[PDB]
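In order, the protein sequence lines correspond to chains A, B and C.
Note that the first sequence covers residues 22 to 167 in the UniProt record's numbering.
Note that the second sequence covers residues 332 to 642 in the UniProt record's numbering.
Note that the third sequence covers residues 436 to 642 in the UniProt record's numbering.
What follows is a single structure, written as C-alpha cells, with notes after it.
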Amino acid sequence: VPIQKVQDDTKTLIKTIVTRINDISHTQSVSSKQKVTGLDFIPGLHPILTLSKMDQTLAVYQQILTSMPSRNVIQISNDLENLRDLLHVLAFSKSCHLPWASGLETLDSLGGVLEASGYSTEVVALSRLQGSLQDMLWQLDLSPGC
Amino acid sequence: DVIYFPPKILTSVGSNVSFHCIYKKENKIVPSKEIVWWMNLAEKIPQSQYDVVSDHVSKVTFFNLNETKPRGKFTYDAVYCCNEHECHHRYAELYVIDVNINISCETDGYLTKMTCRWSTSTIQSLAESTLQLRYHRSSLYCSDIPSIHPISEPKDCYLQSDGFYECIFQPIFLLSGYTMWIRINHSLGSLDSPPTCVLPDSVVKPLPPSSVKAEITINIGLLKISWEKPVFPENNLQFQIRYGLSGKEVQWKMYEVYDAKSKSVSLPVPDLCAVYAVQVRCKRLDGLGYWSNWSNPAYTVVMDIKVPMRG
Amino acid sequence: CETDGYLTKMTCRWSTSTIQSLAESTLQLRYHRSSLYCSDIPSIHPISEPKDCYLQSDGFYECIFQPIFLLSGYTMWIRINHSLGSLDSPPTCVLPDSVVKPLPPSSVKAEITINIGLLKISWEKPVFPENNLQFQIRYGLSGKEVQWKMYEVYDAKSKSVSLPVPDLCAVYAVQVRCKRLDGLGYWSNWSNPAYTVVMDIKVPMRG
Ligand SMILES: *[C@@H]1O[C@H](CO[C@@H]2O[C@@H](C)[C@@H](O)[C@@H](O)[C@@H]2O)[C@@H](O[C@@H]2O[C@H](CO)[C@@H](O[C@@H]3O[C@H](CO)[C@@H](O)[C@H](O)[C@@H]3O)[C@H](O)[C@H]2NC(C)=O)[C@H](O)[C@H]1NC(C)=O
Ligand SMILES: *[C@@H]1O[C@H](CO)[C@@H](O)[C@H](O)[C@H]1NC(C)=O
Ligand SMILES: *[C@@H]1O[C@H](CO)[C@@H](O)[C@H](O)[C@H]1NC(C)=O
Ligand SMILES: *[C@@H]1O[C@H](CO)[C@@H](O)[C@H](O)[C@H]1NC(C)=O
Ligand SMILES: *[C@@H]1O[C@H](CO)[C@@H](O)[C@H](O)[C@H]1NC(C)=O
Ligand SMILES: *[C@@H]1O[C@H](CO)[C@@H](O)[C@H](O)[C@H]1NC(C)=O
C-alpha cells in the first residue's frame, strides 16, 4: 500500500470521527478549553508534538471511553483503534519504532469520579477528544518526527 | 468541595425554582460576589437573577422553566456553581414534567356507562413512573367555586391496543359533580394534574334515530322524509338531515331544522326520477352534548309523480 | 455488501439457496478480521469465527454486522457442510470504506435566473462520507411521462450550476444524486423532486 494512501486515510478518518462527535446531543456548544477542577487526568489543554505522546493520549482516550457503555461510544472506540493502527503504520514508515503503550496508571482514579458524576465526564471527554483530533488534523500536515 | 441544597428538584412546567451553592478552593472560601452559575455547561445564566445572601452563600432563582429534552440515557438537567476560572464536577439535578393531560367523556345513551380515557404516549418527559386516576362525587353541580379539594380515593383501569388509557365506570348519577385528575409519582417526589369536572347530564350523546323513511310526495313534487325521535334522553333537541343523489359518490347537501316538534319536512328535488339517499343526525338544542352516529342509509323507489306535460 | 450513509453497519446476502439446485446441506458464514487492509496476495485464513444469521422471504440470507471497523479488511466465505465431508467457497475481500453508498443530497431548490433566462440548481453536500464526491443532474418538463436529459458535474466545491433550457414558462423538475469521485462506491438514490414557479423572466420583446 502506497504511503500517500495512508496519509490521506488518516485525514479522512480524523474528519469522520470529528463529524461523528459533532452529532451527539450533549456537546454542541460546550467549549474545548474549559477548565474543571476534578477532571484533570483527561488529556488535552496543552498541545503535543511527538508521536509518543500522540499514542499515549490516544490510548488514554480509548481507555476512558471503554468505561462508558453508551451505544455511540463503542463506534468511536472502534474507529480510534484503527486510527492508532494507522499511526503505528505511519511511525513504521518514518523508520522509527514506537512501543505499544500500556494502561496509564492514573486512569484508576476514575472510579470515584464516574460514580459521583457522569454528565460532566461525558461532556468534557467528548469535547477534549474533538479538540485533540482537530489538533491532530492541523499538526499532521507538518509531518513531525517520532 | 461543593455542597448543593436542595440536591434534587421535581416541579411542574412554569414553576418557580431556587438553588444555592457553596464553593471552596485551596482551603479558602471564594466570596459570593465572584460566584456565577452555568446551565448545562453550554450557556451562562445572566447576572440579573443572581442574588447575594451572605459572604459565603449565593442563590439563584429560575423563572418559567421549560421542558427538558431527553438527551440520550440521561433525562435530567445540570446546574453548576462556578468561579470565573473553574467549575467543579458536582451538579444539582433538576427534573420537570408536564401536567396538562386532557380528559373528556360522554354519558352513553343507555345512561348506565360512562367511559373515558387518558393518553401519555405523546408525552416524553415521563418514564418508568406509575400513573393512577382520582375522582370525587359529592356536589350536585361543578364550577360553583374553586376549592382545595383534599379528599380523594383511587381507581383502576387498563391499557388498550392504543396508548389512550380507557377506563370504564359503573352506575353513575345523571345529576352530580365528578371532578377527576391524574397523579404523578417519581423517585424524587410526586405531582398531580390540574383539576377539572364533567357534568354527565350535559354530555349525553343520543342514540341514532330509527325507522327513517323517505319518499317523494305524489302530485306534489316535494321530497318528504320521515323519522322517529330518539328515546334517550328527554331534552329538547335539533335535527340535522343530510341527503343527496344516490351513487358511488354523492353530492351531499345540508339542511337543518331548529324545531323539535316537527317530525317530517318537504323539499323539492332537482331530479324527479332518480335514486336518492337520506341520512339523519341528532344533537342537543342547547349545544351541550355530542353529535350522534349516522343513521342507516334510506332509499326510495322511482315511480311516476304527475302527468307528462308534452307528448 | 453495502454500508449505509450513516456508516454504522454493514449488510449483505448470499444468493445460492434458491438459484442452485443441490439442496439439503447446512450452510454457514465465516469471517476473519485484520487490523489493516486485507493483503493483495491470495490466501485462506485457517482461523475463523462463525457468524450465524437468518433468512429473508425473498430467499436471500440477509444478515448484518452492527459494529463495523471502517478501515479493517474482511474476508468472508460460505461453508457447505455435507454428510460425507465439507467444502469451502472461494474467499473475497470487502472493505467498508470502499463500499459505503452516500445518503441522497438534501435541500434541492430550482429556479429560473432573471434577465438571463437560464436554470440554476443548488444542492447541499451530504454529511457522509467526508471524501470528495461527484454529482449528476436530471431534469425535464413536468407531466405524466417526463423526458430526462442529464448533466455531469466533476467538481467538489461547486454548490450551484447554471444551464440552458429551450423554453421558459413551462414548469421543470430536478433531482440530484451523489457518488464518490475516485470510483470505489455506489450511487446514491434520487432526492425528493423540486418544482419551480413561473416568474416574469424578461420584458416582452414585442407588442
Ligand atoms: C415566579 O416569580 C414571579 C416574580 O416576579 C418575577 O421576578 C421579577 C424580578 C421579574 O423578572 C418578573 O417579570 C418575574 O415574573 C411571580 O410573579 C410575577 O411577577 C411579575 C412582577 O413583575 C408580574 O408582572 C406584573 O404583571 C402586570 C400585569 O400583567 C404587568 O403589567 C407588570 O409588568 C408587572 O410586573 C407577573 O404578572 C407575576 N406573575 C407571573 C406569572 O409572571 C410569578 O407568578 C412566579 N411564577 C409562578 C409562581 O409560577
Ligand atoms: C422556553 O422556550 C421558549 C421557546 O423558544 C423561549 O422563548 C423561552 O425563552 C424559554 N424559556 C427558558 C427559561 O428557557
Ligand atoms: C407511587 O404513588 C404511590 C401513591 O399513589 C406512593 O405511595 C408511591 O411511593 C409512589 N412511588 C414512588 C414515589 O416511587
Ligand atoms: C356509532 O359509531 C361508533 C364508532 O363507529 C360506534 O362506537 C357506535 O357503536 C355507533 N353507534 C351505533 C351503531 O348506534
Ligand atoms: C457439519 O456437520 C457435521 C455433522 O457431522 C458437524 O459435526 C459439524 O459441526 C458441522 N459444521 C458446521 C455446521 O459448521
Ligand atoms: C436506495 O433504495 C434502495 C431500494 O432498493 C435501498 O435498498 C437503499 O438503502 C436506498 N439508499 C439509501 C442510501 O437508503
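From the three backbone atoms N, C-alpha and C, an ideal C-beta is built for every residue, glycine too.
Handout entry: Local Cβ density within 10 Å of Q96 of chain A, reported as buried at 16 or more and exposed below that
Key = Numbered from 1 along the first sequence, position 75 holds the residue referred to as residue 96 of chain A. That one is buried.
Practice task
Check whether the Cβ of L568 of chain C sits closer than 6 Å to any heavy atom of ligand 6, and report yes or no.
Solution key: Reading the third sequence from its first residue, position 133 is the one you call residue 568 of chain C. No; taking the cut-off as 6 Å, the Cβ of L568 of chain C has no heavy atom of ligand 6 nearer than that.
Practice task
Please list, in chain order, all residues of the same chain as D156 of chain A whose beta carbon is under 7 Å from its beta carbon, the five residues on each side excluded.
Solution key: Looking up residue 156 of chain A in the first sequence gives position 135. Around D156 of chain A: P68.
Exercise for the section: Write down every uninterrupted run of the beta strand (DSSP E) in the UniProt domain "Fibronectin type-III 2" (539-634) of chain B whose length is 3 residues or greater and which is fully enclosed by it, in chain order. Expected result: 544-547, 553-557, 568-576, 584-588, 595-599 and 607-615
Practice task
Say yes only if the C-beta of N397 of chain B is nearer than 6 Å to one or more non-hydrogen atoms of ligand 2, and no if none qualify.
Solution key: The residue you call residue 397 of chain B lines up with position 66 of the second sequence. True, at least one ligand heavy atom lies under 6 Å from that Cβ.
Exercise for the section: Could you tell me whether the Cβ atoms of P539 of chain C and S626 of chain C are closer together than 7 Å? Expected result: By 1-based counting over the third sequence, the position of residue 539 of chain C is 104. By 1-based counting over the third sequence, the position of residue 626 of chain C is 191. Against a cut-off of 7 Å, the Cβ pair of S626 of chain C and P539 of chain C comes out as a contact.
Problem - Any non-hydrogen atom of ligand 3 closer than 6 Å to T461 of chain B Cβ - result: Working through the second sequence from its first residue, we reach residue 461 of chain B at position 130. True, at least one ligand heavy atom lies under 6 Å from that Cβ.
Exercise for the section: Decide if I549 of chain B is buried, meaning its Cβ has at least 16 other Cβ atoms within 10 Å, or exposed. Expected result: One-based indexing of the second sequence puts residue 549 of chain B at position 218. Exposed, because fewer than 16 other Cβ atoms sit within 10 Å of the Cβ of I549 of chain B.
Problem - Exposure of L568 of chain C, with buried meaning 16 or more beta-carbon neighbours within 10 Å - result: Residue mapping note: residue 568 of chain C aligns to position 133 of the third sequence, counting from 1. Buried: at least 16 other Cβ atoms inside 10 Å.
Handout entry: Minimum Cβ-Cβ distance from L506 of chain C to chain A less than 7 Å
Key = Working through the third sequence from its first residue, we reach residue 506 of chain C at position 71. With 7 Å as the cut-off, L506 of chain C counts as an interface residue toward chain A.
Handout entry: Best match in C:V600, C:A591, C:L530 and C:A605 for proximity to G620 of chain C [C-alpha to C-alpha]
Key = In the third sequence, counting from the first residue as 1, residue 620 of chain C sits at position 185. The shortest C-alpha separation from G620 of chain C is found at C:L530.
Problem - Range of the contiguous alpha helix (DSSP H) that encloses residue 13 of chain A - result: Residue 13 of chain A is absent from the structure shown; chain A starts at 22 and stops at 167.
Exercise for the section: Run the proximity test for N627 of chain C: is its beta-carbon closer than 6 Å to any non-hydrogen atom belonging to ligand 7? Expected result: Ligand 7 is not part of this structure, which contains only ligand 1, ligand 2, ligand 3, ligand 4, ligand 5 and ligand 6.
Handout entry: Any non-hydrogen atom of ligand 4 within 6 Å of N624 of chain B CB
Key = The residue labelled residue 624 of chain B in the question sits at position 293 within the second sequence. True, at least one ligand heavy atom lies under 6 Å from that Cβ.
Practice task
Could you tell me which residues DSSP puts in a beta bridge with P485 of chain C?
Solution key: Along the third sequence, one-based indexing puts residue 485 of chain C at 50. Per DSSP, C:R465.
Exercise for the section: Spell out whether any CB of chain C is found under 7 Å from the CB atom of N43 of chain A. Expected result: Position 22 of the first sequence holds residue 43 of chain A. By this cut-off, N43 of chain A is not an interface position.
Practice task
Using only alpha-carbon positions, find the residue among B:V535, B:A605, B:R612 and B:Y574 that is nearest to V632 of chain B.
Solution key: Counted from its first residue, the second sequence places residue 632 of chain B at position 301. Here the closest residue by C-alpha is B:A605.
Exercise for the section: Let me know the secondary structure DSSP gives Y140 of chain A once reduced to three states. Expected result: Here residue 140 of chain A refers to the residue found at position 119 of the first sequence. Of the three classes helix, strand and coil, the one that applies to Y140 of chain A here is helix, per DSSP.
Practice task
Output yes or no for whether 7 Å exceeds the beta carbon distance between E417 of chain B and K56 of chain A.
Solution key: The residue labelled residue 417 of chain B in the question sits at position 86 within the second sequence. The residue labelled residue 56 of chain A in the question sits at position 35 within the first sequence. Yes, the pair counts as a contact, with Cβ atoms nearer than the cut-off.
Problem - Proximity winner among A:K32, A:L60, A:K26 and A:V22, relative to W159 of chain A (alpha-carbon distances) - result: Against the first sequence, residue 159 of chain A aligns to sequence position 138. Residue A:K32 is the option with its Cα nearest to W159 of chain A.
Exercise for the section: List the residues of chain C that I95 of chain A touches, going by C-beta distances under 7 Å, in chain order. Expected result: Numbered from 1 along the first sequence, position 74 holds the residue referred to as residue 95 of chain A. By Cβ distance, chain C contributes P502.
Problem - Residue nearest to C473 of chain B in terms of C-alpha spacing, selected from B:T461, B:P337, B:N516 and B:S533 - result: As a working mapping, residue 473 of chain B is identified with position 142 in the second sequence. Cα-wise, what sits closest to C473 of chain B is B:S533.
Handout entry: Presumed contact (8 Å Cβ cut-off) between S460 of chain C and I513 of chain C, rounded CB distance
Key = On the third sequence, position 25 is the one that residue 460 of chain C refers to. On the third sequence, position 78 is the one that residue 513 of chain C refers to. Actually they do not touch by this definition, with Cβ atoms about 11 Å apart.
Practice task
Starting from the Cα of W622 of chain B, find the closest Cα among B:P537, B:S385, B:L603 and B:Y589 and give me that residue.
Solution key: As a first step, residue 622 of chain B must be located in the second sequence, where it is residue number 291. That would be B:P537, whose Cα lies nearest to the Cα of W622 of chain B.
Handout entry: Per-residue burial, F336 of chain B [other beta carbons within 10 Å of its own, 16 or more giving buried]
Key = Residue 336 of chain B sits at position 5 when you count from the first residue of the second sequence. Burial call: exposed.
Handout entry: Same chain, Cβ closer than 6 Å to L522 of chain C, five either side skipped, listed in chain order
Key = Taking the third sequence and counting its residues from 1, one reaches residue 522 of chain C at position 87. If we look at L522 of chain C and ignore the five residues flanking it on each side, its Cβ neighbours are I515.
Practice task
Rounded to whole angstroms, what's the CA-CA distance from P601 of chain C to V611 of chain C? Just pull it up for me.
Solution key: Start at 1 with the first residue of the third sequence, and residue 601 of chain C comes out as number 166. Start at 1 with the first residue of the third sequence, and residue 611 of chain C comes out as number 176. About 21 Å.
Practice task
Flag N347 of chain B as yes when its Cβ comes closer than 6 Å to any non-hydrogen atom of ligand 1, and as no otherwise.
Solution key: Taking the first residue of the second sequence as position 1, residue 347 of chain B is located at position 16. Yes, ligand 1 has a heavy atom inside 6 Å of this Cβ.
Exercise for the section: Determine contact between the segment 399-412 of chain B and the segment 498-513 of chain B, defined as no fewer than three beta-carbon pairs at a distance below 8 Å. Expected result: no
Practice task
Tell me, please, whether the CB atom of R402 of chain B is closer than 7 Å to any CB atom in chain D?
Solution key: The structure shown has no chain D; the protein chains it does contain are A, B and C.
Exercise for the section: Determine the contact status of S98 of chain A and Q84 of chain A, defining contact as a CB-CB distance below 7 Å. Expected result: Looking up residue 98 of chain A in the first sequence gives position 77. Looking up residue 84 of chain A in the first sequence gives position 63. Cβ atoms of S98 of chain A and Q84 of chain A: not closer than 7 Å.
Exercise for the section: Check the Cβ-Cβ distances between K115 of chain A and every residue of chain C, and say whether any is below 7 Å. Expected result: In the first sequence, residue 115 of chain A corresponds to position 94, counting from 1. It does not: the Cβ of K115 of chain A has no partner Cβ on chain C nearer than 7 Å.
Practice task
Closer than 8 Å by C-beta to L505 of chain C: which residues in its own chain qualify, once you throw out the five before and the five after it? Chain order, please.
Solution key: Stepping through the third sequence from its first residue, residue 505 of chain C is reached at position 70. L442, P531 and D532, listed in sequence order.
Handout entry: Three-state secondary structure (DSSP) of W449 of chain C
Key = By one-based count along the third sequence, residue 449 of chain C stands at place 14. Three-state DSSP puts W449 of chain C in coil, outside helix and strand.
Exercise for the section: Pull out every residue of the UniProt domain "Fibronectin type-III 2" (539-634) of chain C whose Cβ sits closer than 9 Å to any Cβ of chain A, in chain order. Expected result: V562, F563, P564, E565 and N566
Handout entry: Residue range of the beta strand (DSSP E) that includes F393 of chain B
Key = Taking the first residue of the second sequence as position 1, residue 393 of chain B is located at position 62. Note, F393 of chain B: beta strand (DSSP E), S389 to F394.
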